[PDB]
Amino acid sequence: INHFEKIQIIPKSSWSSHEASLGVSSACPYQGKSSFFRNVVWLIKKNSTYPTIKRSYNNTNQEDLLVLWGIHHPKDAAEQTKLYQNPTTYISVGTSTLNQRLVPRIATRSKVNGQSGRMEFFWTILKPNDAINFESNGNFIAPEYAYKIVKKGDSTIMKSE
Amino acid sequence: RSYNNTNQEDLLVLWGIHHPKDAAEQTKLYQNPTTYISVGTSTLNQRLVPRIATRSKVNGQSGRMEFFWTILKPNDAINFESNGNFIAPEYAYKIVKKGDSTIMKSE
Ligand SMILES: *[C@@H]1O[C@H](CO)[C@@H](O[C@@H]2O[C@H](CO)[C@@H](O)[C@H](O)[C@H]2NC(C)=O)[C@H](O)[C@H]1NC(C)=O
Ligand SMILES: *[C@@H]1O[C@H](CO)[C@@H](O)[C@H](O)[C@H]1NC(C)=O
């Protein structure tokens, strides 16, 4: 791959049933304030409720699309209900080929960047005319931006200081 | 169900699991909302669970079939247990002749 074209597939504003603007951490600082990975949305409960999410995006572009998403693994049972209410959650992802179902694993973990929680990130290539389908109870790190693959050719990742 | 390989030959056994479209279809086909398939042999120790999700329609199906296999050696037994979503074997293949071969890609 020689060129990506970033596009928005699921707007940040369109999460009218969940809190999409409080998904930040001191582990990801920006100009002295708590921030987060800009291309994905850390969704949490709104007014003490996390209703089931059911979102679909259809690849209407000519280009193959690289889609990124994630799952949050919390520190303990208290933090789970604190962020998402529901004690047992999941994320199910489907495409033409893909048939995924993720569940958050809870455990006591060492503090990296002052966090005992973890983020596990996943990806897929959504081919043209195919649709990706999400469903979740919580712990969902939703895509906002995905990358179009516009130019394919000779390239390499070169390790150098 | 249990099958005992009484043949002299190694046996190729095939089975599967059905992944349904939604919770309604699960109870519609199999009643039980939470199911599994457990498979055991001399070596094998498997337990499959159906994963549910909204999926694109390939050949007009939102459901999926995931297929599995094993080689059941002579004098060994294969054991199945399931609540639903089980795609059970009917026929399996005896391996009678082993030798030089290849799968050749050609139109
Ligand atoms: C069926 O599987 C059993 C074990 O799950 C196999 O064990 C044979 O069983 C008898 C015991 O009644 C032994 O005397 C034999 O030595 C075993 N046979 C061989 C050839 O190893 C059982 O053999 C299998 N059934 C058969 C061969 O009919
Ligand atoms: C959306 O995807 C479907 C199949 O998943 C496809 O048939 C359809 O043409 C796409 N939508 C368009 C072109 O508006």
# chains A, B, ... in the order shown; residues from 1 in each chain; ligands from 1
>>> residues_near_ligand(ligand="ligand 2", cutoff="8 Å", atoms="only C-alpha atoms and all ligand atoms", output="ChimeraX atom specification")
/A:58-60,96,129-131 /B:56-57
>>> residues_near_ligand(ligand="ligand 1", cutoff="10 Å", atoms="only C-alpha atoms and all ligand atoms", output="ChimeraX atom specification")
/B:2-8,41-42,74-78
>>> closest_atom_pairs(of="region 8-64 of chain B", to="region 80-90 of chain A", cutoff="12 Å", atoms="only C-alpha atoms", output="tab-separated table")
residue	atom	partner	partner_atom	distance
B:51	CA	A:90	CA	10.8
B:52	CA	A:90	CA	10.7
B:53	CA	A:90	CA	10.8
>>> write_last_selection(atoms="N, CA, C and O atoms", output="CSV table (one decimal), in the first residue's frame")
chain,number,residue,atom,x,y,z
B,51,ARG,N,-21.7,-18.5,17.9
B,51,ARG,CA,-21.6,-17.1,18.0
B,51,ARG,C,-22.7,-16.4,17.1
B,51,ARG,O,-22.8,-16.8,15.9
B,52,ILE,N,-23.4,-15.5,17.7
B,52,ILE,CA,-24.5,-14.8,17.0
B,52,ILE,C,-24.1,-13.4,16.7
B,52,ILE,O,-23.4,-12.7,17.5
B,53,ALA,N,-24.5,-13.0,15.5
B,53,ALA,CA,-24.2,-11.6,15.0
B,53,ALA,C,-25.0,-11.3,13.7
B,53,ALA,O,-25.3,-12.2,13.0
>>> closest_atom_pairs(of="chain A", to="chain B", cutoff="7 Å", atoms="only C-alpha atoms", output="tab-separated table")
residue	atom	partner	partner_atom	distance
A:92	CA	B:53	CA	5.4
A:93	CA	B:53	CA	6.3
A:94	CA	B:55	CA	4.5
A:95	CA	B:55	CA	5.2
A:96	CA	B:56	CA	5.1
A:101	CA	B:51	CA	6.1
A:131	CA	B:56	CA	6.1
A:133	CA	B:54	CA	5.6
>>> write_last_selection(atoms="N, CA, C and O atoms", output="PDB file, in the first residue's frame")
ATOM      1  N   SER A  92     -20.243  -8.194  18.983  1.00  0.00           N
ATOM      2  CA  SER A  92     -20.344  -9.114  17.859  1.00  0.00           C
ATOM      3  C   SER A  92     -20.136  -8.345  16.566  1.00  0.00           C
ATOM      4  O   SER A  92     -20.786  -7.329  16.333  1.00  0.00           O
ATOM      5  N   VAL A  93     -19.239  -8.844  15.727  1.00  0.00           N
ATOM      6  CA  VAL A  93     -18.906  -8.189  14.469  1.00  0.00           C
ATOM      7  C   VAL A  93     -19.073  -9.185  13.325  1.00  0.00           C
ATOM      8  O   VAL A  93     -18.569 -10.313  13.396  1.00  0.00           O
ATOM      9  N   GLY A  94     -19.767  -8.765  12.270  1.00  0.00           N
ATOM     10  CA  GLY A  94     -20.017  -9.618  11.107  1.00  0.00           C
ATOM     11  C   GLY A  94     -19.786  -8.881   9.801  1.00  0.00           C
ATOM     12  O   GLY A  94     -20.003  -7.666   9.715  1.00  0.00           O
ATOM     13  N   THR A  95     -19.286  -9.613   8.804  1.00  0.00           N
ATOM     14  CA  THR A  95     -19.195  -9.136   7.424  1.00  0.00           C
ATOM     15  C   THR A  95     -19.523 -10.320   6.514  1.00  0.00           C
ATOM     16  O   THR A  95     -20.088 -11.317   6.963  1.00  0.00           O
ATOM     17  N   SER A  96     -19.192 -10.195   5.230  1.00  0.00           N
ATOM     18  CA  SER A  96     -19.278 -11.304   4.283  1.00  0.00           C
ATOM     19  C   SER A  96     -18.535 -12.535   4.797  1.00  0.00           C
ATOM     20  O   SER A  96     -19.078 -13.639   4.773  1.00  0.00           O
ATOM     21  N   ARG A 101     -17.246 -12.643  17.847  1.00  0.00           N
ATOM     22  CA  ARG A 101     -17.910 -12.263  19.092  1.00  0.00           C
ATOM     23  C   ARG A 101     -16.886 -12.136  20.221  1.00  0.00           C
ATOM     24  O   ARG A 101     -16.319 -13.128  20.670  1.00  0.00           O
ATOM     25  N   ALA A 131     -21.057  -5.123   3.692  1.00  0.00           N
ATOM     26  CA  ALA A 131     -21.464  -4.380   4.872  1.00  0.00           C
ATOM     27  C   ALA A 131     -20.863  -4.978   6.136  1.00  0.00           C
ATOM     28  O   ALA A 131     -20.769  -6.204   6.263  1.00  0.00           O
ATOM     29  N   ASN A 133     -21.309  -5.227  10.329  1.00  0.00           N
ATOM     30  CA  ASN A 133     -22.380  -5.148  11.321  1.00  0.00           C
ATOM     31  C   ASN A 133     -21.860  -5.289  12.746  1.00  0.00           C
ATOM     32  O   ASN A 133     -21.190  -6.263  13.067  1.00  0.00           O
TER      33      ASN A 133
END
>>> select_by_dssp(residues="region 66-95 of chain B", states="strand (DSSP E or B)", output="compact mmCIF listing (two decimals) with C-alpha atoms, in the first residue's frame")
# COMPACT_ATOMS: atom_id res chain seq x y z
CA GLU B 66 -18.22 -23.52 10.59
CA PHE B 67 -16.87 -26.99 9.76
CA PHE B 68 -14.31 -29.06 11.71
CA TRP B 69 -12.45 -32.31 11.25
CA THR B 70 -10.24 -34.92 12.86
CA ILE B 71 -8.44 -38.20 12.06
CA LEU B 72 -9.85 -40.92 14.25
CA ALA B 77 -13.68 -43.60 19.83
CA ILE B 78 -15.15 -40.15 19.05
CA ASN B 79 -17.69 -38.66 21.47
CA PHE B 80 -20.27 -35.95 20.78
CA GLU B 81 -22.50 -33.98 23.14
CA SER B 82 -24.72 -31.02 22.22
CA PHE B 86 -24.96 -29.50 15.79
CA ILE B 87 -24.21 -30.56 12.23
CA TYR B 93 -13.98 -41.48 4.79
CA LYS B 94 -11.65 -44.43 5.40
>>> residues_around(residues="residue 45 (chain A)", least_positions_apart="3", cutoff="6 Å", atoms="only C-alpha atoms", output="ChimeraX atom specification")
/A:18-19,48-50,84
>>> write_last_selection(atoms="N, CA and C atoms", output="compact mmCIF listing (two decimals), in the first residue's frame")
# COMPACT_ATOMS: atom_id res chain seq x y z
N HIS A 18 -25.82 7.08 23.67
CA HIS A 18 -24.63 6.77 24.46
C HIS A 18 -23.75 8.00 24.56
N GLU A 19 -22.91 8.02 25.59
CA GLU A 19 -22.02 9.15 25.82
C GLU A 19 -20.69 8.94 25.08
N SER A 48 -27.05 6.64 33.20
CA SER A 48 -27.06 5.29 33.79
C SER A 48 -27.81 4.28 32.92
N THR A 49 -27.41 4.18 31.66
CA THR A 49 -27.97 3.17 30.76
C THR A 49 -27.06 2.96 29.57
N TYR A 50 -26.75 1.69 29.28
CA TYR A 50 -26.07 1.32 28.04
C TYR A 50 -27.00 0.37 27.26
N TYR A 84 -20.25 0.94 32.08
CA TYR A 84 -21.20 0.35 31.13
C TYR A 84 -22.49 -0.24 31.73
>>> select_by_dssp(residues="chain B", states="helix (DSSP H, G or I)", output="list in words")
residues 23, 24, 25, 26, 27, 28, 29 and 30 of chain B
>>> residues_around(residues="region 34-43 of chain A", least_positions_apart="6", cutoff="10 Å", atoms="only C-alpha atoms", output="ChimeraX atom specification")
/A:6-8,10-12,15,17-28,50,68-72,83-84,138-147
